[PDB]
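Trainee:
2 protein chains.
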Amino acid sequence: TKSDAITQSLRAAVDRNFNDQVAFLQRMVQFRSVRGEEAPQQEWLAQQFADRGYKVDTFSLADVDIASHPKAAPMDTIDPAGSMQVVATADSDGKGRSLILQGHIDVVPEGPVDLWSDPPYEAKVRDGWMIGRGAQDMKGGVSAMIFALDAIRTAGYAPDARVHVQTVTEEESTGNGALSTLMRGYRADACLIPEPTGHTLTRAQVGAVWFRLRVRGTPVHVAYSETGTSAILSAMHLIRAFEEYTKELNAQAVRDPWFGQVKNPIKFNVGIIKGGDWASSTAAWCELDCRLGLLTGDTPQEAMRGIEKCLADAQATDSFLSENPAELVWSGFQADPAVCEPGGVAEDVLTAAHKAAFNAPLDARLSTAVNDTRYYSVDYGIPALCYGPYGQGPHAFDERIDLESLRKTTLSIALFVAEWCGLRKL
Amino acid sequence: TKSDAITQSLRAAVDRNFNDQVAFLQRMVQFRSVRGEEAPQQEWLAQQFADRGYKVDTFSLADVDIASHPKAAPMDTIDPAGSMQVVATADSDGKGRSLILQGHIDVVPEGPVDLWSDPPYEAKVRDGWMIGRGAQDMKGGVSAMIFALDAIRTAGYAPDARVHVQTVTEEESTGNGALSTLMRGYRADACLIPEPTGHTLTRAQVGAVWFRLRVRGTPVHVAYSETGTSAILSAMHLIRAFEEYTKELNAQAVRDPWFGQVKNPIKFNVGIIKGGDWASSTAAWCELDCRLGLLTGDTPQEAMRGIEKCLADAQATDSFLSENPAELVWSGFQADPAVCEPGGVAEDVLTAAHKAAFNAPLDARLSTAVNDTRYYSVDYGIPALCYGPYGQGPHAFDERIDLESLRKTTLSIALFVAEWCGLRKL
Ligand SMILES: [Zn+2]
Ligand SMILES: [Zn+2]
Ligand SMILES: [Zn+2]
Ligand SMILES: [Zn+2]
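Same order as they appear, the protein sequences are chains R and E. Under our numbering, residues 2 to 427 are what the first sequence spells out, in order. Under our numbering, residues 2 to 427 are what the second sequence spells out, in order.
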């Protein structure tokens with residue numbers, strides 16, 4: 002009765018504030034916070050936190066000397082001094098369990114704007130969905146965690162333990178934002194990141210390596226092409242080589258504890274290609290930006306050695322590459338895989354919070370995408386939960402988030418905070 | 002003999018003026034007259050022609066309504082109103098045969114500047130060679146044609162017939178600059194273009210078609226790669242299809258009366274590639290700029306239909322393309338092949354000039370590259386000769402011209418003009 006009344010009041014608070022929440026998310030989605038362009042979104046979030054009475058700490062990857070940590074990933078052409086993190090702290094003298102709530106506010110490129118059916122940064126709301134780049138992955142989740150805490154406040158309460166609310170860059174490229182919050186000093190008894198898991202807990206997740214191949218060739222006139230080579234055709238040779246390696250890796254994936262019975266869990270992608278200068282000249286250069294997954298039994302340095310070996314073996318079978326060996330650039334992720342070890346108390350609390358919010362059991366799922374919980378649990382021994390709202394089209398056209406999923410997910414997170422941290426009268 | 006005397010005075014004249022010729026050529030090479038950026042080079046040439054007493058006509062592709070000609074080729078992103086031609090005319094009441102001397106002053110992109118051993122637009126001279134983009138192809142030949150006429154003047158003569166000296170853009174991409182000189186009204190009893198043929202007459206030359214393939218595909222999270230498709234992988238499928246088609250075309254090439262015994266005379270090249278947005282997103286787009294040659298019995302229209310069919314056939318067999326057909330864009334050349342039929346009087350005169358200058362018989366060769374002689378002969382019935390100096394590396398790193406060759410070729414052209422046009426004493 003005591004317990005049901007507090008729950009029914011948080012539910013009330015979440016509904017009361019929900020119209021504001023959707024507006025809040027729309028504003029976020031309208032920030033085109035692609036890589037390198039996140040500062041305005043973070044400035045806004047900082048002021049939003051200030052408005053709610055949090056102590057606010059904003060700092061860059063350079064402020065914590067990011068490259069000094071062995072798990073920091075290389076930053077390619079992006080200046081670490083411009084890559085901004087925001088951590089809001091509600092301090093407390095309470096006896097409950099402290100919590101980190103974290104989400105990323107970087108979003109992946111929208112792609113060809115003409116292929117979206119509603120514009121990617123307008124945040125059009127339609128038939129109970131909001132369409133936008135970042136709406137699902139993961140600004141929706143970010144709105145859910147902030148408003149979970151607003152709901153507790155609206156209901157007349159405050160968490161009975163220290164809480165940090167973290168908004169980070171670089172999740173989609175390195176993970177260095179998440180890592181920097183830990184380098185900066187922030188700890189808690191648990192961490193929850195509301196990636197768009199469709200109301201599931203991510204039980205295990207792959208890691209990943211980003212790498213760029215820079216290929217040369219011997220340019221000649223097309224008329225004399227046999228006397229030269231093409232860097233673009235040689236790049237294609239390497240793509241085929243990496244595809245074969247990836248098939249070999251997936252044949253071995255059956256030995257993995259968690260992903261053993263999943264079909265082709267290791268994914269290889271050539272995401273960006275550029276090369277050549279002239280339709281009637283042999284291409285002298287070609288660059289490929291790639292990604293390769295790794296499983297729970299692998300480390301990134303093992304996967305990097307494997308990548309180097311695959312490339313070394315493939316250079317020998319191409320004439321242009323025997324005279325012009327391709328350069329390998331570590332261009333981003335060197336990311337650990339992670340497991341949410343079953344049987345933890347944090348998961349028990351989320352199970353009960355989920356039950357109350359969705360009137361269903363909490364399902365666990367595998368993920369062939371990376372997420373930032375890995376830093377919290379692998380590197381800092383913090384129980385970490387990846388769990389969030391439902392939507393469609395991450396990294397795709399017409400990415401969209403289910404607004405009723407979001408309401409329920411916001412409630413679930415609020416209920417989680419209440420049990421995990423405990424409540425006190427505001 | 003009297004003809005031997007005139008030849009010796011022309012030999013002396015070319016030698017006297019050669020240091021000036023080299024400085025003139027260096028200045029030309031120092032103009033980075035890549036496509037769209039040729040106007041300063043043309044403004045300088047116009048003035049150099051005015052300084053020599055020629056009547057000078059400069060006009061753009063727009064000024065002749067280029068697109069109105071059936072042999073005009075598409076201009077892609079390049080504004081015809083800014084593509085400048087220069088035609089210098091030396092009128093005569095003489096009874097000799099009139100002559101066009103023509104060269105292109107557009108140069109192909111230099112490619113990775115760090116892979117040149119001497120910078121591409123510095124025109125360094127070392128060990129009897131000049132290194133530079135355009136030095137061989139074909140600013141060298143332009144200097145030769147200009148200084149051949151300067152030698153005739155130095156020796157105390159003028160050509161005894163009308164001469165037009167033409168410098169044009171667009172040879173490396175469409176041929177529209179050459180065609181515009183003819184649409185403007187310029188005619189003569191013969192035309193000579195000093196492409197760097199290594200002191201050979203080009204007997205026959207391929208045509209060519211430029212085309213761009215614009216792919217789509219369905220972008221997803223690499224994590225769910227199989228859910229979607231890669232536009233990059235689909236572009237590769239098309240490249241393979243065009244390579245197979247080119248193979249079939251070369252199988253049929255045995256029936257060409259000029260190229261029938263050449264191995265692989267038809268060349269396919271993918272010169273430029275761009276695609277995708279993100280290492281961890283499936284590529285939604287990919288664009289390829291290509292070139293395909295065609296042989297002397299083929300027409301550009303027929304080649305174009307063949308390219309369209311090859312593409313149509315290949316769309317069927319790719320998943321992403323089966324639902325997202327790639328678009329073909331005509332991107333430049335729609336260039337006729339050409340033949341310099343043997344037995345012509347112009348060739349006889351060139352043969353004599355060549356023997357006098359080089360003490361060697363004139364060899365004739367086949368070319369697997371297009372040149373602008375096609376318009377003069379095919380479209381306007383003007384006997385046209387492609388013949389010029391020796392170098393190395395057209396469209397390649399460290400393009401260079403042999404200065405001893407340049408000097409002798411300049412004499413050869415002077416001797417050709419003297420006999421073709423006749424000479425009168427100043
Ligand atoms: Zn995410
Ligand atoms: Zn993502
Ligand atoms: Zn040329
Ligand atoms: Zn050329």
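The beta carbon of each residue, even a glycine, is placed where N, CA and C say it ideally should be.
Just how far apart, CA to CA, sit residue 152 of chain R and residue 420 of chain R?
Mentor: As a first step, residue 152 of chain R is located in the first sequence; it is residue number 151 there, counting from the start. As a first step, residue 420 of chain R is located in the first sequence; it is residue number 419 there, counting from the start. Residue 152 of chain R and residue 420 of chain R: Cα-Cα distance of roughly 14 Å.
Trainee: Which runs of the beta strand (DSSP E), 3 residues or longer, sit entirely within the region 132–216 of chain E?
Mentor: Listed in chain order, the complete beta strand (DSSP E) runs (minimum 3 residues) inside the region 132–216 of chain E are 158–160, 164–169, 192–194, 202–206.
Trainee: Looking at the structure shown, is residue 402 of chain E part of a helix, part of a strand, or coil, going by DSSP?
Mentor: In the second sequence, residue 402 of chain E corresponds to position 401, counting from 1. Looking at residue 402 of chain E - three-state DSSP - the assignment turns out to be strand.
Trainee: Going by alpha carbons, who is nearest to residue 366 of chain E out of E:154, E:74, E:343, E:252?
Mentor: Taking the second sequence and counting its residues from 1, the one referred to as residue 366 of chain E is at position 365. Among E:154, E:74, E:343, E:252, the Cα nearest to that of residue 366 of chain E belongs to E:343.
Trainee: Can you grab the Cα-Cα spacing for the pair residue 399 of chain R / residue 10 of chain R, in whole Å?
Mentor: Mapped onto the first sequence, residue 399 of chain R falls at position 398. Mapped onto the first sequence, residue 10 of chain R falls at position 9. For residue 399 of chain R and residue 10 of chain R, the distance between alpha carbons rounds to 35 Å.
Trainee: Counting only runs that start and end within the region 53–129 of chain E, where is the beta strand (DSSP E) found for 3 or more residues in a row?
Mentor: Correct list: 56–61, 85–91, 100–105, 125–127.
Trainee: For chain R, find out if any of its Cβ atoms is closer than 7 Å to the Cβ of residue 275 of chain E; answer yes or no.
Mentor: Taking the first residue of the second sequence as position 1, residue 275 of chain E is located at position 274. By this cut-off, residue 275 of chain E is an interface position.
Trainee: Pull up the distance between the alpha-carbon of residue 194 of chain E and that of residue 30 of chain R, whole angstroms please.
Mentor: Position 193 of the second sequence, counted from the first residue, corresponds to residue 194 of chain E. Position 29 of the first sequence, counted from the first residue, corresponds to residue 30 of chain R. About 60 Å.
Trainee: Using 7 Å as the limit for Cβ to Cβ distance, is residue 272 of chain E near chain R?
Mentor: Against the second sequence, residue 272 of chain E aligns to sequence position 271. Interface residue, yes.
Trainee: For ligand 1, is there any heavy atom lying closer than 6 Å to the beta carbon of residue 139 of chain R?
Mentor: The residue given as residue 139 of chain R occupies position 138 in the first sequence. Yes, Cβ of residue 139 of chain R sits closer than 6 Å to a heavy atom of ligand 1.
Trainee: Figure out for me which residue from R:178, R:414, R:168, R:57 has the closest Cα to the Cα of residue 347 of chain R.
Mentor: Position 346 of the first sequence, counting from 1, holds the residue named residue 347 of chain R. Minimum Cα distance to residue 347 of chain R is reached at R:414.
Trainee: My assumption, with CB atoms under 8 Å, is that residue 216 of chain R sits in contact with residue 327 of chain R. Please give the rounded CB distance.
Mentor: Here the question's residue 216 of chain R lines up with position 215 in the first sequence. Here the question's residue 327 of chain R lines up with position 326 in the first sequence. Indeed they touch by this definition, with Cβ atoms about 5 Å apart.
Trainee: Within 8 Å, do at least three Cβ pairs link the region 216–227 of chain R to the region 240–256 of chain E?
Mentor: The region 240–256 of chain E, when compared against the region 216–227 of chain R, does not touch it at the 8 Å Cβ threshold.
Trainee: Does residue 130 of chain R have its Cβ less than 7 Å from a Cβ in chain E?
Mentor: The residue given as residue 130 of chain R occupies position 129 in the first sequence. Residue 130 of chain R does not count as touching chain E.
Trainee: Is it a yes or a no for the region 52–65 of chain R touching the region 120–135 of chain R, going by three-plus beta-carbon pairs under 8 Å?
Mentor: Cβ pair count under 8 Å is below three, so no.
Trainee: Could you tell me which whole beta strand (DSSP E) segments of length 3 or greater appear in the region 279–317 of chain E?
Mentor: Within the region 279–317 of chain E, the complete beta strand (DSSP E) runs of at least 3 residues are 286–295.
Trainee: Establish whether the CB of residue 5 of chain E and some CB of chain R are separated by less than 7 Å.
Mentor: Residue mapping note: residue 5 of chain E aligns to position 4 of the second sequence, counting from 1. It does not: the Cβ of residue 5 of chain E has no partner Cβ on chain R nearer than 7 Å.
Trainee: How would you label residue 337 of chain E, buried or exposed, when you count the other beta carbons within 10 angstroms and need 16 or more for buried?
Mentor: To locate residue 337 of chain E, count along the second sequence from 1; it is residue 336. Under this definition residue 337 of chain E is a buried residue.
Trainee: Select from the region 108–141 of chain E all residues with a C-beta closer than 9 Å to any C-beta belonging to chain R, and list them in chain order.
Mentor: Cβ contacts with chain R: 109, 110, 111, 112, 113, 116, 138.
Trainee: Could you check how far apart the C-beta atoms of residue 351 of chain E and residue 388 of chain E are, in whole angstroms? I think they sit under 8 Å.
Mentor: The count along the second sequence starts at 1 and reaches residue 351 of chain E at position 350. The count along the second sequence starts at 1 and reaches residue 388 of chain E at position 387. Right, their Cβ atoms sit about 6 Å apart.
Trainee: According to the neighbour-count rule (16 or more other Cβ atoms, all chains shown, within 10 Å of its Cβ), is residue 300 of chain R buried or exposed?
Mentor: As a working mapping, residue 300 of chain R is identified with position 299 in the first sequence. Counting Cβ neighbours within 10 Å, residue 300 of chain R comes out exposed, since fewer than 16 surround it.
Trainee: Of all the residues that make up the region 322–346 of chain R, which are near chain E by a beta-carbon distance shorter than 9 Å?
Mentor: The residues in question are 332, 333, 334.
Trainee: What are the boundary residues of the alpha helix (DSSP H) that residue 224 of chain R is part of?
Mentor: For the purposes of this step, residue 224 of chain R is identified with residue 223 of the first sequence, where counting begins at 1. No alpha helix (DSSP H) contains residue 224 of chain R, which DSSP labels as neither H nor E.
Trainee: Say whether the region 180–199 of chain R touches the region 16–26 of chain E, bearing in mind that this needs 3 or more beta-carbon pairs closer than 8 Å, one atom from each stretch.
Mentor: With the cut-off at 8 Å, the region 180–199 of chain R and the region 16–26 of chain E do not touch.
Trainee: Beta-carbon of residue 267 of chain R versus every beta-carbon of chain E: anything under 7 Å?
Mentor: For the purposes of this step, residue 267 of chain R is taken as residue 266 along the first sequence, with counting starting at 1. Output row for residue 267 of chain R: interface = no.
Trainee: Kindly list the residues whose CB is nearer than 8 Å to the CB of residue 368 of chain E, restricted to its own chain and excluding five residues on each side of it in sequence; keep chain order.
Mentor: Within the second sequence, the letter at position 367 stands for residue 368 of chain E. Once the five neighbours on either side are set aside, the close Cβ partners of residue 368 of chain E are 198, 203, 205, 206, 207, 387.
Trainee: Looking only at C-alpha atoms, which of E:281, E:234, E:201, E:277 sits nearest to residue 222 of chain E?
Mentor: Here residue 222 of chain E refers to the residue found at position 221 when the second sequence is read from its first residue. The shortest Cα separation from residue 222 of chain E among E:281, E:234, E:201, E:277 belongs to E:281.
Trainee: Taking C-beta pairs closer than 8 Å, name the residues in chain R that residue 237 of chain E reaches, listed in chain order.
Mentor: Your numbering for residue 237 of chain E matches position 236 in the second sequence. Result: 237, 240.
Trainee: Using CA coordinates, which residue listed in E:314, E:169, E:228 is at the minimum distance from residue 240 of chain E?
Mentor: The residue given as residue 240 of chain E occupies position 239 in the second sequence. Of the listed residues, the one whose Cα sits closest to residue 240 of chain E is E:314.
Trainee: On the DSSP bridge list, what partners appear for residue 1 of chain E?
Mentor: This structure cannot speak to residue 1 of chain E, because chain E is shown only from 2 to 427.
Trainee: Which of the residues in the region 394–416 of chain E, read from start to end, lie with their CB under 9 Å from any CB of chain R?
Mentor: So the list reads 394, 395, 396, 397, 398, given in the order they occur along the chain.
Trainee: On a Cα-Cα basis, can you pick out the residue from E:334, E:140, E:51 that is closest to residue 407 of chain E?
Mentor: Taking the second sequence and counting its residues from 1, one reaches residue 407 of chain E at position 406. It is E:140 whose Cα lies nearest to the Cα of residue 407 of chain E.
Trainee: Roughly how far, in whole angstroms, is the beta-carbon of residue 228 of chain E from the beta-carbon of residue 321 of chain E, given that I think they are within contact range, below 8 Å?
Mentor: If you number the second sequence from 1, residue 228 of chain E lands on position 227. If you number the second sequence from 1, residue 321 of chain E lands on position 320. Contact flag wrong, Cβ pair sits at about 12 Å.
Trainee: Quick check: residue 177 of chain R and residue 296 of chain R, are their CB atoms within less than 7 Å of each other?
Mentor: Residue 177 of chain R sits at position 176 when you count from the first residue of the first sequence. Residue 296 of chain R sits at position 295 when you count from the first residue of the first sequence. In this structure, residue 296 of chain R does not lie closer than 7 Å to residue 177 of chain R by Cβ.
Trainee: Quick one: grab the DSSP three-state call for residue 332 of chain E.
Mentor: Along the second sequence, read from residue 1 onward, the residue named residue 332 of chain E stands at position 331. Looking at residue 332 of chain E - three-state DSSP - the assignment turns out to be strand.
Trainee: Closest to residue 43 of chain E by CA distance: which of E:88, E:392, E:379, E:263 is it?
Mentor: Walking along the second sequence from the start, residue 43 of chain E turns up at place 42. Ranking E:88, E:392, E:379, E:263 by Cα distance to residue 43 of chain E puts E:88 first.
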